[PDB]
Amino acid sequence: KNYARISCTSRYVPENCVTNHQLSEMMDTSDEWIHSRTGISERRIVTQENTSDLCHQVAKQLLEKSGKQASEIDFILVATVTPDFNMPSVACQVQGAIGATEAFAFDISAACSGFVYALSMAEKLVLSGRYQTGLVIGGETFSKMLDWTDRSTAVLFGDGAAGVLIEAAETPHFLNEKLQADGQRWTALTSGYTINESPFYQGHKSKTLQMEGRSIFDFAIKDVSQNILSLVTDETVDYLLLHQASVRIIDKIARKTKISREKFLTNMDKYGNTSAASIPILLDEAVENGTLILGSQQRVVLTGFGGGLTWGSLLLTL
Amino acid sequence: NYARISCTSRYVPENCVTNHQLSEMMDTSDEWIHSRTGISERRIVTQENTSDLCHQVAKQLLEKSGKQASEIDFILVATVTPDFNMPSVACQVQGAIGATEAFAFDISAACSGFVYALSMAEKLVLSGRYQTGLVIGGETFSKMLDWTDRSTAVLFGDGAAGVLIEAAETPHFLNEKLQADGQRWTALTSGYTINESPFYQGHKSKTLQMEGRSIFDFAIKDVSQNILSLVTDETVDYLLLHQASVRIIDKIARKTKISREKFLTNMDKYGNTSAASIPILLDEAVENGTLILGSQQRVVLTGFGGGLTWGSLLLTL
Ligand SMILES: CC(=O)SCCNC(=O)CCNC(=O)[C@H](O)C(C)(C)COP(=O)(O)OP(=O)(O)OC[C@H]1O[C@@H](n2cnc3c(N)ncnc32)[C@H](O)[C@@H]1OP(=O)(O)O
Ligand SMILES: CC(=O)SCCNC(=O)CCNC(=O)[C@H](O)C(C)(C)COP(=O)(O)OP(=O)(O)OC[C@H]1O[C@@H](n2cnc3c(N)ncnc32)[C@H](O)[C@@H]1OP(=O)(O)O
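In the order they appear, the protein sequences are chains A and B. If you count by PDB author numbering, then the first sequence holds residues 6 to 210, 213 to 325, one letter each, in order. If you count by PDB author numbering, then the second sequence holds residues 7 to 210, 213 to 325, one letter each, in order.
Rendered as structure tokens:
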């Protein structure tokens, strides 16, 4: 019984809702541009909460919903790139917050691929027979990294968190995976640069997020379609939950990929780019709508891509 | 499908800073610093960041091992002083050495990051899906510190070290115990980035801060218990703990009842390098011949700190 499975999903986003119209009133941008370019119509931006609070809520919900108590959690992995501190890790904040005294935790830094990466990591942990229960949460608060005057990026990212309760099963669910990265293009998407100002530093080396639009666009369409076809073919997949960066991107991938577009579930119109939280939000939401149903054995693939560059897919049966 | 450390390597900035140079900057003395931590000097970057330090460690693991970057299946960097939120130091290192065939990411577990990260690699290899990887612990606290607060400025140093890990026919990672206590996360914290967006209304310090006695008392009590979970004086040959304070290692060796000469020390030359402390000590011990790969010595690696996090790994070198 070393086979992991997702057995409970949950999401949480700031109550605050910001539409493209409220943004067009802040920068030289419009609802028609933003939307026709990404499919994004609104986003949720924190006003008080940070990444740890958002994740805290997801964890809380997983337990309430699953009837599982914190003492049962063996571990906690948070995939974030907008953590509260360098230390502690959001995972540790969350651990102490829900009183999961028996679990150990840490965050994983893999940008917009953080959830797929983190999730895979958990499967390895459970498969080891060492651990059976854990929480994999993807949470982000980009609002605090963005330059709200650079319309280039300010209109894309949103705040949010979502995760799943993962436990060992007797039957295998995580069929196959392919995690990839290309650090020779790391410059394409970057944020959080902390400069050294110690009295010893003598080098002459921007804390806000900055990215190369085309670079990542072109990259995703190519490198991702390849990574997805590695695992499946339209004929061998039921649904695909990709990073919700741009609908135009998903549209181009579905085409190159030769996979029925109806399988690529979309969410960005309501949350925008939440990076590592995009996929789990979409997943919980799909479960809720009934599109996906745990136990149904539906062949689903989860694929993320972004900062790193990083990207990877997971073929699993829900 | 059994992992085994097969090559170690370290790298620290050339810039050596002694307790005397610091006593000159703050109200502190070499006498105080040393007698409370055993630290005599640190390594402080002058033009290097975490990625640069880790890059060398990786570079060297390949040289030493004769492996080609194309052979690396993955890269895990345990850091808490990364260059950027994104990319991850791991990704920068990946592109830096041209390890096109590996995927990578950083793990955020403070001073336990190496033991945590290392364990992680174990599972990856055990999964049979990956058989080669680099686990590096790197840090550059000098940029996080408030060099006027003698409370913390005298403890941390910069540095990086790691190991080349590959699958073997025989098991090496015998047993492990990873723990955390997020209810005392406040004890040691750094890098708080404040939200300054036009929407944020909340009214919630970028530099490192920590509660001395909290962590001291915590380490001595909780770590000793953790270590005894895996071994006893007779079932262990060497122990490589986080190199925070020698006085801490002393108190632990006592309560633990394990021969003190089994706890290898290193802080005198590097200070607290957090996630890099253990691998630097390990590469140093291997170089010195105290430890010898293949020898099959009972070794336990234990880290503790920010989180709170802590955990040990019982493995045979
Ligand atoms: C991995 C992630 O998580 S995000 C994925 C990457 N996603 C994206 O591509 C972001 C969303 N999409 C876009 O930016 C477009 O579809 C892109 C990528 C084709 C633009 O690429 P580029 O070749 O560099 O720009 P393009 O030639 O199409 O022109 C874009 C124009 O829009 C402007 N622009 C940028 N943001 C906005 C905005 N919010 N509102 C109005 N105009 C904007 C540009 O400054 C530029 O104006 P110009 O025509 O006067 O130079
Ligand atoms: C997990 C890790 O990575 S770190 C592990 C934790 N490490 C350690 O505990 C650090 C080493 N230990 C210590 O400094 C002490 O022995 C401890 C454990 C008793 C805790 O220290 P503190 O709680 O800060 O106060 P302590 O009881 O030692 O008092 C010493 C006094 O000297 C000051 N002080 C601190 N550093 C120095 C220094 N380098 N030179 C002179 N005075 C100093 C203190 O702030 C205090 O005086 P003040 O209260 O008037 O400012």
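Ideal Cβ placement from N, Cα and C applies to all residues, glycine included.
Should residue 223/A be flagged as near chain B, meaning a C-beta pair shorter than 7 Å? no
Check residue 172/A in the structure and name its three-state DSSP category. strand
Listed in chain order, which residues of the region 274-304 of chain B have Cβ atoms closer than 9 Å to some Cβ of chain A? 282
What residue range is occupied by the uninterrupted beta strand (DSSP E) comprising residue 183/A? 179-186
Hey, how far is the Cα of residue 138/A from the Cα of residue 130/A? 9 Å
Say whether the region 100-114 of chain B touches the region 293-300 of chain B, bearing in mind that this needs 3 or more beta-carbon pairs closer than 8 Å, one atom from each stretch. no
Please list, in chain order, the chain B residues whose beta carbon lies closer than 8 Å to that of residue 202/A. 149
Looking at the unbroken alpha helix (DSSP H) that takes in residue 119/A, where does it start and where does it end? 119-132
Can you say whether residue 200/B is buried or exposed, counting buried as having 16 or more other CB atoms within 10 angstroms of its CB? exposed
CB of residue 117/B to nearest heavy atom of ligand 2: below 6 Å? yes
Between residue 164/A and residue 18/A, what straight-line distance do the alpha-carbon atoms span, to the nearest angstrom? 7 Å
Do residue 228/B and residue 205/A have their C-beta atoms closer together than 7 Å? no
Let me make sure I understand the geometry here. Which of 196/B, 215/B, 189/B and 181/B has the alpha-carbon closest to that of residue 324/B? 181/B
Do you know offhand how far residue 20/B's Cα is from residue 56/B's? 14 Å
Looking at the unbroken alpha helix (DSSP H) that takes in residue 276/A, where does it start and where does it end? 275-278
With a threshold of 8 Å, are at least 3 pairs of Cβ atoms found where one atom belongs to the region 216-227 of chain A and the other to the region 177-196 of chain A? yes
Can you give me the start and stop residues for the alpha helix (DSSP H) that residue 57/A sits inside? 56-71
Closer than 6 Å: is that where the CB of residue 120/A sits relative to any heavy atom of ligand 1? no
Under 7 Å from the C-beta of residue 126/B: neighbouring residues of chain A: 126
Return helix, strand or coil for residue 23/B, following the three-state DSSP convention. strand
What residues from the region 145-177 of chain A come within 8 Å of chain B, judged by C-beta to C-beta, listed N to C? 146, 148, 149, 150, 151 and 153
Coarse secondary structure for residue 211/A, derived from DSSP in three states: This model leaves out residue 211/A; its place in chain A lies between 210 and 213, and no residues are given there.
Okay, do the region 249-266 of chain A and the region 30-39 of chain B touch, 3+ Cβ pairs below 8 Å being the bar? no
Alpha carbon to alpha carbon, how far is residue 253/A from residue 269/A? Give it in angstroms, no decimals. 16 Å
Min CB distance residue 207/B to chain A below 7 Å: yes
Can you give me, in chain order, the residues of the region 88-108 of chain A that have a beta carbon less than 9 Å from any beta carbon in chain B? 88, 89, 90, 91, 92, 93, 94, 95, 96, 97, 98, 99, 100, 101, 102, 103, 104, 105, 106, 107 and 108
Considering only the alpha carbon of each residue, which of 62/A, 133/A and 158/A lies closest to residue 140/A? 62/A
Give, in chain order, every residue of the region 113-124 of chain A whose Cβ lies closer than 7 Å to some Cβ of chain B. 113, 114, 115, 116 and 122
Please confirm whether residue 226/A has its beta-carbon closer than 7 Å to some beta-carbon of chain B. no
When the Cβ atoms of the region 81-89 of chain A are set against those of the region 109-124 of chain A, are three or more pairs found closer than 8 Å? yes
Give a yes or no on whether 7 Å exceeds the smallest Cβ distance from residue 130/A to chain B. yes
Would residue 142/A and residue 119/A be called neighbours here (beta carbons separated by less than 7 Å)? no
Compare the C-beta of residue 188/A against all C-beta atoms of chain B and say whether one is closer than 7 Å. yes
7 Å is my cut-off, CB to CB: does residue 264/A come that close to chain B? no
Bridge partners of residue 74/B, per DSSP? DSSP, once it has assigned bridges, lists no residue as partnering residue 74/B.
Does any residue of chain B have a CB that is nearer than 7 Å to the CB of residue 184/A? yes
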